[PDB]
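Participant: Shown below is the structure under consideration.
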Amino acid sequence: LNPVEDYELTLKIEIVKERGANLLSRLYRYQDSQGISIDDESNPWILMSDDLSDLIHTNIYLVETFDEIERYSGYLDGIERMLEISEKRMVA
Amino acid sequence: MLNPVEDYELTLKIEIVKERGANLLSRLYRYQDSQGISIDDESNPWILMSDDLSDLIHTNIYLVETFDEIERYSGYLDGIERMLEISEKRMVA
Amino acid sequence: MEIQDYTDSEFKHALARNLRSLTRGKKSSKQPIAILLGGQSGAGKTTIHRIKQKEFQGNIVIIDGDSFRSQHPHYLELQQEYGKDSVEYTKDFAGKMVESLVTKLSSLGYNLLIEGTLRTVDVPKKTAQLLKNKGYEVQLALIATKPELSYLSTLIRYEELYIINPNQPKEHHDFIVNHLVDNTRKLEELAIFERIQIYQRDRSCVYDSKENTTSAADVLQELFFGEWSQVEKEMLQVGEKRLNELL
Amino acid sequence: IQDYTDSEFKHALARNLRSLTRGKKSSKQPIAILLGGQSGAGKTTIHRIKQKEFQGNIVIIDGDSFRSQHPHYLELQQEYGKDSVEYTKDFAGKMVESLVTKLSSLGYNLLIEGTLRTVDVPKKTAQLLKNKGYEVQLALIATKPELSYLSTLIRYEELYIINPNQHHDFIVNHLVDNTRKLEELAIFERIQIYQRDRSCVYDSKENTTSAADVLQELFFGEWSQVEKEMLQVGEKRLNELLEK
């Protein structure tokens with residue numbers, strides 16, 4: 001890692017944080033529209049919001065490689081895919 | 001795009017990644033079973049995960065053509081895995 | 001009441017949710033194709049999974065026999081009772097799931113990519129001849145690579161699978177070279193498959209029966225016994241290096 | 001319209017307190033760090049430094065992220081294409097207020113994205129933070145104003161890729177002025193300036209020179225080898241976004 005790589009990482013970290021925060025806010029939107037209590041840790045939606053929350057608020061900043069980012073990205077990808085299918089069954 | 005040596009490397013990684021997913025799925029099935037969630041209860045959030053995951057294992061993973069898409073995938077699997085860990089422990093609580 | 005003796009309800013419950021999974025994302029036709037796999041275990045069967053899933057644009061169903069062993073209704077208890085040998089108690093379920101899924105899916109009209117048992121002449125004979133009978137174009141997709149390079153990938157994979165789960169050789173698989181050549185020639189002589197394709201690890205197609213007029217088996221032997229390319233010669237160097245890593 | 005009932009604030013607030021508390025532990029010796037610096041300078045760098053420096057144990061509170069959490073965000077986006085901000089910061093700010101208050105009572109480590117273009121907001125914040133028994137520090141991020149203006153434009157060409165239906169840069173003079181004044185009024189125990197490559201270029205603990213002065217040479221100094229390098233990379237990536 002050099003100064004440019006390191007910053008380009010900081011930029012990917014940023015991109016991911018924003019993208020994540022966007023999805024978390026959508027998760028909260030979905031969770032409320034279902035009456036799912038916040039600490040209902042048994043609910044799979046609560047787990048996703050909780051995991052993601054732990055990353056945006058802590059773990060992304062602790063990332064040291066471009067690979068870790070691609071992993072977190074495809075993880076968000078996974079979330080979004082499930083979130084999109086649930087809102088379309090909803091406004092169906 | 002990619003060297004024959006690199007291209008087989010990708011094949012091996014796709015094979016690696018598939019096998020993991022397959023085992024996560026089996027694991028995810030076993031949990032859904034203990035929770036009495038019906039095979040086709042698409043309404044159930046857990047079924048979305050098993051739908052999503054099995055769709056990639058059976059189809060989407062074989063259409064991967066970049067190494068970074070491999071990471072994309074295994075980072076997904078990680079997430080699925082983290083939630084299984086927590087759910088399984090919650091049964092023993 | 002054995003530790004591996006599954007209830008029928010238990011077996012059907014699995015068959016149910018598999019038939020659902022494997023169908024999800026696929027349309028069927030009155031013009032369906034079934035492709036049987038051949039080639040040594042370490043050859044690289046996953047290469048064809050790639051070629052054909054792309055080639056069929058997501059509309060083929062890959063049926064992987066070992067995928068279902070972990071679906072055994074006691075799998076875990078068998079895992080912490082036999083370690084790696086759970087296999088010898090688990091194929092009973094796993095095989096029955098494959099025979100099942102082909103039966104039902106062939107009737108339903110889906111495109112199928114199935115493993116063949118080219119180590120035995122009888123199994124694929126019977127399989128193809130029963131798939132033909134349901135309006136299927138049956139095929140043989142062979143993956144061929146230098147036997148050594150096959151044993152080597154099996155030996156790397158083995159040491160890898162030991163690292164993931166320390167409680168989950170190539171003699172344990174098979175040394176099919178003569179059998180896989182003989183039987184290919186035998187299934188050609190009996191003219192059972194519509195097409196026979198032979199692929200290599202770089203997704204290249206080195207033989208297609210509908211475009212080529214040599215023997216599938218004759219092409220096999222050149223690949224098995226011919227001179228080594230640098231691409232072959234190199235994979236051997238990577239293997240020695242990668243293996244040293246894993247040990 | 002854009003109103004929010006009081007059970008909705010307590011709802012999203014209670015959620016956020018559950019959210020941010022996760023995997024963090026309280027302190028008899030807690031630390032609060034305020035963030036200054038041009039918008040597109042990459043404050044996200046300081047997050048990386050201070051998260052690793054507290055080994056996961058610091059709560060970051062970024063006012064901006066709390067915007068989508070307005071009970072009628074969707075409605076306000078499906079009209080105010082970009083001017084939804086003044087209807088959201090009413091909500092977002094008080095969200096920060098309540099979060100800083102409660103967590104500062106509970107003695108967590110806090111990292112707060114600061115409005116350093118204004119003198120008062122941070123001053124009045126660290127004051128109420130020090131009473132609670134906080135070592136309160138300032139953490140500034142600095143590069144050439146240009147590269148800063150550049151990343152904001154890079155960002156805005158990526159904020160248009162996501163949803164077509166969705167700055168604070170020209171501040172260099174306010175930023176320097178407000179730093180000297182916060183330094184003289186001795187509001188922060190420790191003042192630190194960071195550069196994009198995570199280097200600590202000034203630390204008020206070690207150094208004696210004015211934090212404001214170090215800023216000026218950093219802004220108005222001649223360009224470093226690496227800075228000019230970053231300038232080309234931007235001209236690179238903007239052009240792709242010119243046609244992506």
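So you can find residues: chains in the structure tokens are A, B, ... in the order shown, residues in each start at 1, and ligands are numbered from 1 in order.
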Could you work out which residues of chain A fall inside 8 Å of chain B? Count only C-alpha atoms, and format the result as a list in words.

Facilitator: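 Close enough to count are residues 42, 44, 45, 47, 48, 51, 67, 68, 70, 71, 72, 73, 74, 75, 76, 77, 78, 81 and 82 of chain A.
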
Participant: Taking the DSSP assignment computed from this structure's backbone, write out as number ranges by chain all residues of range 21-72 of chain B that belong to helix (DSSP H, G or I).

Facilitator: B: 21-34, 45-58, 60-63, 67-72

Participant: Please extract the residues of range 3-228 of chain C with a backbone DSSP assignment of strand (DSSP E) and present them as a list in words.

Facilitator: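 For range 3-228 of chain C, the strand (DSSP E) set is residues 33, 34, 35, 36, 37, 38, 61, 62, 63, 112, 113, 114, 115, 137, 138, 139, 140, 141, 142, 143, 195, 196, 197, 198, 199, 205, 206, 207 and 208 of chain C.
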
Participant: Using only C-alpha atoms, find the one residue out of A:63, A:26, A:53, A:69 that sits nearest to residue 59 in chain D.

Facilitator: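 Using only C-alpha atoms, the shortest distance to residue 59 in chain D belongs to A:53.
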
Participant: Could you work out which residues of chain D fall inside 10 Å of chain A? Count only C-alpha atoms, and format the result as a PyMOL selection string.

Facilitator: chain D and resi 11-12+14-16+18-24+42-53+55-62+64-74+151+155+158-159+162+195-199+226-227+229-230+233

Participant: Starting from chain C, keep only residues with some atom at most 10 Å from an atom of chain B, counting only C-alpha atoms, and report them as a PyMOL selection string.

Facilitator: chain C and resi 13-14+16-18+20-26+44-55+57-64+66-73+75-76+153+157+160-161+164+200-204+231-232+234-235+238

Participant: By how many Å are CA of residue 104 in chain D and CA of residue 30 in chain D apart?

Facilitator: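 Computing the Euclidean distance for CA of residue 104 in chain D and CA of residue 30 in chain D yields 8.5 Å.
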
Participant: Measure the distance from CA of residue 38 in chain D to CA of residue 102 in chain D in Å and round it to one decimal.

Facilitator: 28.4 Å

Participant: I'd like the neighbourhood of residue 100 in chain D as a list in words, where a residue qualifies if any of its atoms comes within 9 Å (using only C-alpha atoms), though same-chain residues fewer than 2 positions away should be ignored.

Facilitator: residues 61, 95, 96, 97, 98, 102, 103, 104, 105, 110, 112, 125 and 129 of chain D

Participant: Please, could you write that set of residues out with C-alpha atoms as a tab-separated table (two decimals), in the first residue's frame?

Facilitator:
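Saved the output as part24.tsv:
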```tsv
chain	number	residue	atom	x	y	z
D	61	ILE	CA	-22.04	9.93	14.87
D	95	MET	CA	-31.02	13.12	16.49
D	96	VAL	CA	-27.35	14.09	17.01
D	97	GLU	CA	-28.30	16.17	20.06
D	98	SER	CA	-30.02	13.23	21.80
D	102	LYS	CA	-27.29	10.07	26.21
D	103	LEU	CA	-24.00	8.43	25.15
D	104	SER	CA	-21.98	11.17	26.89
D	105	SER	CA	-23.91	10.32	30.07
D	110	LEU	CA	-17.35	9.51	20.65
D	112	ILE	CA	-18.46	13.59	15.92
D	125	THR	CA	-20.69	20.98	22.09
D	129	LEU	CA	-18.90	17.29	26.76
```

Participant: Extract, using only C-alpha atoms, all DNA, RNA and protein residues at most 9 Å from residue 75 in chain D, discarding same-chain residues fewer than 4 positions from it, and format them as an mmCIF file with N, CA, C and O atoms, in the first residue's frame.

Facilitator:
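Dumped to result30.cif:
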```cif
data_model
loop_
_atom_site.group_PDB
_atom_site.id
_atom_site.type_symbol
_atom_site.label_atom_id
_atom_site.label_comp_id
_atom_site.auth_asym_id
_atom_site.auth_seq_id
_atom_site.Cartn_x
_atom_site.Cartn_y
_atom_site.Cartn_z
ATOM 1 N N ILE D 1 -47.222 16.561 4.906
ATOM 2 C CA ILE D 1 -46.157 17.602 4.765
ATOM 3 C C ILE D 1 -44.771 16.995 5.100
ATOM 4 O O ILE D 1 -44.266 16.160 4.340
ATOM 5 N N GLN D 2 -44.171 17.391 6.225
ATOM 6 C CA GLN D 2 -42.856 16.864 6.639
ATOM 7 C C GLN D 2 -42.725 16.718 8.164
ATOM 8 O O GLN D 2 -41.635 16.453 8.682
ATOM 9 N N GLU D 79 -40.512 14.500 -4.220
ATOM 10 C CA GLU D 79 -40.787 15.886 -4.606
ATOM 11 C C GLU D 79 -39.499 16.722 -4.648
ATOM 12 O O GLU D 79 -38.978 16.992 -5.731
ATOM 13 N N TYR D 80 -38.981 17.113 -3.484
ATOM 14 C CA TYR D 80 -37.724 17.865 -3.413
ATOM 15 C C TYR D 80 -36.551 17.001 -3.883
ATOM 16 O O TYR D 80 -35.967 16.240 -3.102
#
```

Participant: Expressed in Å to a single decimal, how great is the separation between CA of residue 135 in chain D and CA of residue 90 in chain D?

Facilitator: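 Atom-to-atom, CA of residue 135 in chain D to CA of residue 90 in chain D, that is 28.6 Å.
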
Participant: Taking 6 positions as the minimum chain separation for residues in the same chain, which residues sit within 12 Å of residue 91 in chain A when counting only C-alpha atoms? Answer as a list in words.

Facilitator: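 Here the qualifying residues turn out to be residues 30, 33, 84 and 85 of chain A.
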